[PDB]
Amino acid sequence: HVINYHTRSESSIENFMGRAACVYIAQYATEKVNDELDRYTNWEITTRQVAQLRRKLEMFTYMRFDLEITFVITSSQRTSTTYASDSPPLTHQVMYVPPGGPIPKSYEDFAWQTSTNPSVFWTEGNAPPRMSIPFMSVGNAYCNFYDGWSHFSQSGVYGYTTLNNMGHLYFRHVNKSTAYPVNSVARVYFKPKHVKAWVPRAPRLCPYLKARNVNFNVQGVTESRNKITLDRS
Amino acid sequence: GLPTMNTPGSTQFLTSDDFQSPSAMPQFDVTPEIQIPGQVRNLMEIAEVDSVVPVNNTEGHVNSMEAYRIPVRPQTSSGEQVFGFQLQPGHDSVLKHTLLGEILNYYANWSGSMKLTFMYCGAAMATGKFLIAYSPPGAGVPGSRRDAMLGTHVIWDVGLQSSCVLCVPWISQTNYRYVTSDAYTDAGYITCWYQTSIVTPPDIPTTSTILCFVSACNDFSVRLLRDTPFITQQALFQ
Amino acid sequence: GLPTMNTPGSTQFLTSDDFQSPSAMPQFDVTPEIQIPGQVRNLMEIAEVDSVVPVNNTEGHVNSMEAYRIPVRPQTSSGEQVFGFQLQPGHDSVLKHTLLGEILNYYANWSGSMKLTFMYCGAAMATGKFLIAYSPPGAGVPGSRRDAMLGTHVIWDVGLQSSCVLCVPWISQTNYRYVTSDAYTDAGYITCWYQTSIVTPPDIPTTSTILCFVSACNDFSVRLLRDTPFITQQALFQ
Amino acid sequence: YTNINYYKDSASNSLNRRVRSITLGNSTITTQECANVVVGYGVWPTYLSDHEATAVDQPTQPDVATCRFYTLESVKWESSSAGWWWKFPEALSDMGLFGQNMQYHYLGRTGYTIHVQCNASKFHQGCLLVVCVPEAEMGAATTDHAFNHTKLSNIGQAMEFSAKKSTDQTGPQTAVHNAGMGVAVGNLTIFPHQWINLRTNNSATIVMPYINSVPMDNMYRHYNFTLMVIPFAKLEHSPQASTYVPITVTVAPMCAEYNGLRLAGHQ
Amino acid sequence: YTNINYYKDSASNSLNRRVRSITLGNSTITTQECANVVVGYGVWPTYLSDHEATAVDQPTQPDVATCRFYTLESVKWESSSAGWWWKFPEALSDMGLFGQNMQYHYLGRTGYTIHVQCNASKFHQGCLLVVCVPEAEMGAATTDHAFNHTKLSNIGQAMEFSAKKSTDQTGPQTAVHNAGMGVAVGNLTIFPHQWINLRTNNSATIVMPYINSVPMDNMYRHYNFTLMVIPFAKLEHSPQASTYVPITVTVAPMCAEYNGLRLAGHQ
Amino acid sequence: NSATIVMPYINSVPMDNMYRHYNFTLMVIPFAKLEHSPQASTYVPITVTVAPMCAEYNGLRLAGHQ
Amino acid sequence: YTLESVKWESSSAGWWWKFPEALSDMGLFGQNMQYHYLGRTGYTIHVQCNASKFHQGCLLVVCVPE
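This deposited entry lists cryo-EM as its structure determination method and 3.4 Å as its resolution.

Shown next as structure tokens:
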């Protein structure tokens, strides 16, 4: 006939979306050299910094995914004159601040000794610290594209950035001081699970420019060729 | 306690594993979902709708609307070629940036029959026929209407119908073909030749326009998920 | 959580363990298998088909086709020897590089009865008999037809049949014998002597040819898998 | 595949593996020659149910005064004409008792029916693409610069594309082959669309439901969808034929509800 | 042996622990003296089923025009003669309507029957080995150098081995005791084979099925199997006997199918 | 705009050699001549598309046709 | 099997194709004719010629045996 075969299991929504995609690379240190690479860095949660995952989500207009957040936190020793120093293992803290909560105004603030904001403590050498968050929204779907304004007067802010209040994420070294400065790097790996995606969208042609709007440069629709009719015997 | 033992592969972070995790915010009361229309459950449902192919992509027509504007005209001798491209979706730079092409590029294998649909956007008083032919890879490429009549073809009159569907059949030695096309898994050649002419009454413009859409049939399937070689960036967007 | 406790032998990589692993690419749609003919399910099915033994391996006949070409001729006095080798498959350099020999060398123990098959590739008008004898190890090796008639033997006429099968029986004190043969697990001696002659009518060439094949019987089995001492390399192939 | 659940939360789990007229109100369009009526994503426009409707105020449904055919302006199709776009419900914001209910009400939910009509002769040739795009966040012309709310959509005026690119300092990028969204214009055939082939079609009728993430939304700061009319094959005729070929858009709200009655907007 | 499966995939699991003639078409070979017919790996050549046949085009089965006995050339057996090899279907590429169907069709699936015939007298002596080797990737003579497609197989010409080694710059290593594959020539008795002992045998008949990893493959760039005739015991006679002892190969395709009809190849 | 004729095998013998005998001819004769204005399209072509139906052959030998 | 294309003019008299001589070189049909002595076949003839509403003319497509 031929009888047939080849089920579309990998063309599904969850198999296409569920892959641990890096979304932000947080950078901090122990001795403050300058800003940035100061101790105590932060990052408000958005999924539109890395172009790889951003294009995947922007083929659908409304999403309803849960999440799985994993950190790959490695540290390098800063360049100096000497390096010989015995050191205890470094403990890292990743605090999640919900929208509206109090922030640490500096290092050693008592916002790291709070009672409500969840935090993940992790020493260097073990398995990566993985945690999950549910569908954080106030509507009923994640608007990837919002064609409108923020104020009722049609003013203020154009774009999807009004409907993005996922919170923040604060990184610091728990240990008090090291004998020689150490620069750390924390990589946030989002994994969208339990995905429902509603309105399909045509995929992005020209590469992105900013992390808050859909501003672009004009590009041709495809690459060219020599002649329209190909020919040989 | 219970005596356990650690198999190799522990305290590793594979980016494509399937494990549970402790929730950060428990007992969350999520918002109830509503009946948002048009829900999509597979990536092939996007690839089964048409998208007009930029066949006339000779430079610099790709920066305008003339890339979709395959021209025909009254001839002097018949049998001439109209257009022609290779059947390499995802790699050939004609049907790479279409809607079928941008979906295969997230994958590394494809298989199934493609469907080409035409649409003659000419006058209502003009008449003519064409010979739209698919040729299996073999050897080699046809260079005449006499050569590209032995393969799979149809005959499309524009005085009877305005739209013609050409189901390109799946002929291969393998079960799948590679998207980044190499020499081993070839796919063949699509050509279109003048069957008779384009005949028109007076006071009608000569040069007309044919649109061409590409889709996927029901037996289309893709495998081996990967990331697309289209987007590039070095620093994080700010 | 559940109180566990780590037994010794954890976070180790034994190369011959049997554990599960997280898959790198999940939900893969594999290609359907077809009915490819001649499927093999065991390594002894390869070792139960014949392979002609290079008995005449005296130098430098191993660089030509004359290694398989055991010569016979009309004699002057009977009882003389034709050939002879030790029954050490996998170690003796006669039946080491045959098809049975290259399979035992991936192992460190063998057991069972071997089967030797002959094939007289002479003229159709010549006639003669031979005495193909197996001798148990004991002490020692026979040096006459009178001595190598007390052991296991058969008598093979070449005027009646062209092929003779000699099932070498398994006689040992142990259940297995070592492939890399030491003095403790001896196996014995295979010899072949002239029973009467080679008699021929005129206008026929004198020197003839006997081929010899080695196989395995049904009670053949091997144990203690290892790597072969045949291939060698130092750097990776490029 | 043991499928046991250690944790108590759902988000902590693993992955899941002729004569056919339309008489709306005191208004009648005519006709489709038994051709076709494209309806949305297969969904007819309906009212709000009770699983939805987070609001507690009672809805206002006029059903005759607001749900009739409102004929918009007429635009001119030329050979060097790139396209047009209308953003809804901004294009209907001033017409009849539909635009009057918008000023007095905070929320509003409605579906539409779009009837784009453009007639020609048998000696004209050309092909239009009539597409209804939900949530078309457009890109600015001059990047890193904010752009005005009267460049995206005036009140019922047909904003037009351009053949070249736009170097404006306060408007959107109106390159027609990028369709204002940075996307290939050939791939806009996902959205509910219909062609107008001038040799066979003569019209296009699209019926769009209410597509939004919230059940009811304010209609004075959010463009629900835009309507793009892009010619793919350009209009061509002899110089003796009739040169003025216009395009009229006639649109009608379907199943319009409102909530939150207060004084007139839209400050 | 608890035999529990933690993961959802199958590849993530653990290990699994006279007168007998043959009348094909308008062609008849004769005979085997009630001797033997070796058939493949125990498998008779059949057609394609529906679990197979990934192609959608309808197959072309001529059944008479292409499936008859095609008599190849005749080679000369001498005393200092090493061997021969024919690569299929390159050896049948020009014969009759079988080689004409190959030019017009992209794919092709076929089995064969090989009848190697070589007669002598009772006063001749010698022994041939007729073996059919699937997928015999041969090694080049001059290593690190590519080698030509007309050194592996000409169209129906019997490529011959050599007693010594080959120092060619563009051909394969034709040392006959290595059999062109770097393998001991005594161990080629895995493949479907039959001996020709000149005192009792006089012929050899092998019936090979289609052995390939894909159900249908292009037959103009892939050698399915080669046929090697190697004498192990050399031909010897008196100088008064007949010195010219030839070897004729007669081969016939069985159950040949084709797909992908296009113009003539093979570019 | 077209014409479709389906002809059977018409011959006095059941099977005949097809390299020395013309079975039938196909004649296209215009009875009313082609006329148009000089501004219309002047090139009006005629294409013939033919297909054998139920073809049988006998007497397999080497290639003809001497 | 699509044959050649001919040009219809005002001063054009007619054409004739003799079968199976007109199909003697096309595809695997003309290849089976060379290797076979006898041959029996029927055909289907599709003569196609399009024009406009402003052209006028009339063709006669006739299949003449023997």
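Describe in detail the overall build of chain A, supporting the description with residues and values.
The secondary structure content of chain A amounts to 2 helices and 10 strands. In sequence order, the secondary structure elements of chain A are arranged as α-β-β-α-β-β-β-β-β-β-β-β. Relative to a compact globule of 233 residues, whose C-alpha radius of gyration would be 17 Å, chain A shows 23 Å and is clearly more extended. Each principal axis of the C-alpha distribution contributes one length, and for chain A these read about 75 × 55 × 40 Å. Look at the contacts in chain A between residues 6 or more apart in sequence, and 77% of them connect residues 24 or more apart. Summed over its atoms, the accessible surface of chain A is roughly 9,900 Å², and 51% of this surface lies on carbon and sulfur atoms. Charge-centre separation for chain A: the mean point of 25 positive side chains lies 8 Å from the mean point of 17 negative side chains.

Could you give me a rundown of helix α1 (residues 96–103) of chain D, with the residues and numbers involved?
All names here are of chain D. Those residues of α1 not exposed but buried are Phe98, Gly99, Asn101 and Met102. The buried residues of α1 occupy an angular sector of 155 degrees when projected down its axis, which confines them to one face. Contacts made by the buried residues of α1 are with β4 (70–77), β6 (105–117) and β12 (245–261).

Any chance you could break down the sheet that holds strand β4 (residues 70–77) of chain E for me, citing the residues and the numbers?
All names here are of chain E. The strand order across the open sheet formed by 5 strands is β3-β10-β6-β12-β4, and the pairing between neighbours is mixed. The open sheet terminates on both sides in strands that have one partner only, identified here as β3 (38–39) and β4. Here 2 bridges tie β3 to strand β10 (residues 203–208), and the two strands are oriented parallel to one another. By the bridge assignment, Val39 is partnered in β10 with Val207.

Provide a residue-level description of the packing of helix α1 (residues 96–103) of chain E against helix α1 (residues 27–34) of chain G, including the pertinent values.
Contact pair α1(E) / α1(G): the axes reach a minimum separation of 11 Å and the direction vectors enclose 170 degrees. Comparing their axes, α1(G) and α1(E) come out roughly antiparallel. For the element pair α1(E) and α1(G), the recorded crossing hand is right-handed. Taken together, the residues of α1(G) that come into contact with α1(E) (itself represented by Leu97(E), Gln100(E) and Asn101(E)) are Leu28(G), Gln31(G) and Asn32(G). By residue class, the composition of the contact of α1(E) with α1(G) is 2 nonpolar, 4 polar and no charged.

Tell me about the packing of aromatic side chains, residues and numbers included.
What the rule picks out here adds up to 49 aromatic pairs over all chains. A centroid spacing of 5.7 Å and a plane angle of 25 degrees characterise the contact between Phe118(B) and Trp156(B), whose relative ring orientation is stacked. Highlighted residues: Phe118(B) in strand β6 (residues 114–120) and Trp156(B) in strand β8 (residues 152–157), separated in sequence by 38 residues. The exposure class of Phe118(B) is buried, given its relative accessible area of 0%. Judged by centre distance (5.0 Å) and plane angle (50 degrees), the rings of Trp85(E) and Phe161(E) are tilted. Residue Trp85(E) is found in strand β5 (residues 84–88), and its partner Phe161(E) is found in the loop between β8 (159–160) and β9 (193–197); the two are separated by 76 residues along the sequence. Overall, the relative accessible area of 8% leaves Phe161(E) in the buried class. Taken together, the ring pairs connect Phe83(B), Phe85(B), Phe118(B), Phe130(B), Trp156(B) and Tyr194(B) into an aromatic cluster. Lying across the ring of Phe145(A), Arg201(A) places its NZ or CZ 4.3 Å from the centre.

Can you explain α1(G)? Please cite residues and give values.
Counting buried positions over the 8 residues of α1(G) gives 7, a clear majority of the element. For α1(G), the set of buried residues is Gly27(G), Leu28(G), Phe29(G), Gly30(G), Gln31(G), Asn32(G) and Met33(G). Buried residues in α1(G) make contact with α1, β6 (105–117) and β12 (245–261) of chain E, β3 (44–60) of chain F together with β3 (36–48) of chain G.

Can you lay out the nonpolar core for me, pointing to particular residues and giving the numbers?
Looking at soluble globular proteins, one finds that nonpolar side chains tend to be buried together. Core analysis: the biggest nonpolar cluster contains 174 residues, and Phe130(B), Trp86(D), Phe88(D) and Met228(D) have the highest contact counts within it. Broken down by element, the residue count for this core peaks at 8 residues, all from strand β11 (residues 225–236) of chain D. Contacts of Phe88(D), omitting those with residues within four sequence positions, involve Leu72(D), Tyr112(D), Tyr223(D), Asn224(D), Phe225(D), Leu227(D) and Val251(D). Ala47(C), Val72(C), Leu116(C) and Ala187(C) belong to the second largest nonpolar core, which has 42 residues in total.

Please give an account of the side chain of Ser208(C) that cites residues and values.
Mapped onto the elements of the fold, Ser208(C) is located in strand β11 (residues 208–216). Overall, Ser208(C) belongs to the buried group, its relative accessible area being 5%. Among the polar contacts made by the side chain of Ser208(C), one reaches the side chain of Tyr120(C) at a distance of 3.2 Å. Residues in contact with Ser208(C), not counting those within four places in the same chain, are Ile70(C), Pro71(C), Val72(C), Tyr120(C), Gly122(C) and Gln125(E).

Which residues make up the interface of chain G and chain F, and what values do they have?
Taken together, the contacts link 57 residues of chain G with 56 residues of chain F. Of the roughly 6,600 Å² buried where chain G meets chain F, counting both sides, 58% is carbon and sulfur surface. Applying the counting rule to chain G against chain F returns 0 salt bridges. Inspection of the region where chain G meets chain F yields 39 residue pairs in polar contact. Contributions of two or more residues to the side of chain G that touches chain F are made by β1 (2–8), β2 (15–19), α1, β3 and β4 (56–65) of chain G. Counted by class, the side of chain G that touches chain F contains 30 nonpolar, 20 polar and 7 charged residues.

An account of the arrangement of the chains is requested, with residue identities and associated values reported.
Most contacts, among the 16 pairs of chains that meet, fall between chains F and G. The two units chain C and chain G never meet; even their closest C-alpha atoms stay 31 Å apart.

Run through the interface of chain B and chain E, naming residues and quoting values.
Between chain B and chain E, the contact holds 21 residues from the first and 21 residues from the second. A combined buried area of about 1,800 Å² lies between chain B and chain E, and 58% of that area is made up of carbon and sulfur atoms. Per-residue buried area on chain B facing chain E is highest for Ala139(B), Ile171(B) and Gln173(B); these three make up 36% of the total on that side. The tally of links from chain B across to chain E stands at 3 residue pairs in polar contact. In the side of chain B that touches chain E, the residues fall into 10 nonpolar, 8 polar and 3 charged.

Please set out the pattern of salt bridges residue by residue, giving values where relevant.
Summed over the entire model, instances satisfying the criterion amount to 21 salt bridges over all chains. The shortest N-O distance in the salt bridge between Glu236(D) and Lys234(D) comes to 3.7 Å. Bridged by salt links that share partners, the residues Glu68(A), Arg130(A), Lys193(A) and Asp17(B) form one connected network.

About the thresholds
- Residues numbered from 1 in each chain as written, not as in the entry; some residues may be left out.
- Chains lettered and ligands numbered in written order.
- Part of a larger assembly, values for the part shown.
- Heavy atoms only, no water.
- Residues with missing side-chain atoms left out of burial classes, pairs and counts.
- Helix = DSSP H or I, 4+ residues; strand = E, 2+ residues; numbered from the N terminus.
- Rg over C-alpha atoms; globule rule 2.2 N^0.38 Å.
- Contact = heavy atoms within 4.5 Å.
- Areas by Shrake-Rupley, 256 points an atom, 1.4 Å probe, with all protein chains shown as cover.
- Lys, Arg positive; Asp, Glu negative; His and termini not counted.
- Charge placed at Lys NZ, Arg CZ, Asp CG, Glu CD.
- Buried < 20%, exposed > 50% of the residue type's maximum accessible area, 1.4 Å probe, protein only.
- Arc of directions from axis to C-beta.
- Pairing = 2+ DSSP bridges.
- Axes fitted to C-alpha atoms, helices over the stretch in contact; angles between N-to-C directions.
- Parallel < 35°, antiparallel > 145°, perpendicular 65-115°, else oblique.
- Left-handed = near helix turned anticlockwise from the far one by under 90°.
- Nonpolar A, V, L, I, M, F, W, Y, C, P; charged D, E, K, R; others polar.
- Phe/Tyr/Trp six-rings, centres within 6.5 Å; stacked < 30°, edge-to-face > 60°.
- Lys NZ or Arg CZ within 6 Å of the ring centre and 35° of its normal.
- Core = buried A, V, L, I, M, F, W, Y, C linked by side-chain atoms within 4.5 Å.
- Polar contact = N/O pair within 3.5 Å; in protein donor to acceptor, adjacent residues only side chain to side chain.
- Buried area = accessible area lost by both parts, 1.4 Å probe.
- Salt bridge = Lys/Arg side-chain N within 4 Å of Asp/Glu carboxyl O.

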